[PDB]
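Trainee: heads up, no residue letters with this:
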DNA sequence: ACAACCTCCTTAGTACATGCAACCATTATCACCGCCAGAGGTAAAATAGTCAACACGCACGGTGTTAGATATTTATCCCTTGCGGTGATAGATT
């Protein structure tokens, strides 16, 4: 909390608009074309996975749709049962354990 | 009317070429502290969720048996050795 000053006020590292440059005026296609590539690669893998499980594991934080909804418009495209609609966003940690499961996903730190 | 000339005045314009090795400090200097911003905090409820319960249900891995492969053993076979007999080479001539 003293380095608050000393991290930048000596002669300033390249911090574009500190970190807020992620959400500023740059959100235009000058950045979001890479979002429309991470979204493509996650849309690929999360549509080859299990015929039930392949919905859930896209919800809450903005993953796949221009409004990445809670239950109502997603459950009506999942059918049969309930909040497996959310739990499978995390289930992947334990039998998608096989680290090869990201072989087509990781490039979007780099394009 | 000027002209440049005698003398030592000072000014200041430059100082050849190729390459390798090293590490990146010193300052002080009341920023006061007053105000209040939207803005930090967090309570209570939106955007919606945790993971424990009791169920559900499955994969994976280790113990066991089986399989067959492999490396050994054996023994066969061929390709090679070294010497020898005598080869037509090397090359000079026709």
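Mentor: Good, I have the coordinates. Numbers count the residues shown, from 1 in each chain, chains lettered A, B, ... in the order given.
Trainee: contacting residues for the spatially most central residue of chain A?
Mentor: Central residue of chain A (Cα atoms, centre = their mean): residue A:63, 4.7 Å from the mean position. Going by Cβ atoms under 8 Å, 6 or more residues apart in numbering, residue A:63 touches A:39, A:42. In this view, the C-beta of every residue, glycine as well, is placed from N, C-alpha and C.
Trainee: Quick check: next helix or strand after the longest helix along chain A?
Mentor: The longest helix of chain A (DSSP state H) is helix A:29-45. Sequence-wise, the next helix or strand downstream of helix A:29-45 (DSSP states H and E) is helix A:72-75.
Trainee: gap between residue A:26 and residue A:20?
Mentor: 10 Å (Cβ to Cβ, to the nearest Å).
Trainee: These two: which is more packed in?
Mentor: residue A:26 (14 against 10; other Cβ atoms under 10 Å).
Trainee: which ones are touching that one?
Mentor: Per Cβ under 8 Å, 6+ apart, neighbours of residue A:26: none.
Trainee: Many thanks, have a good one.
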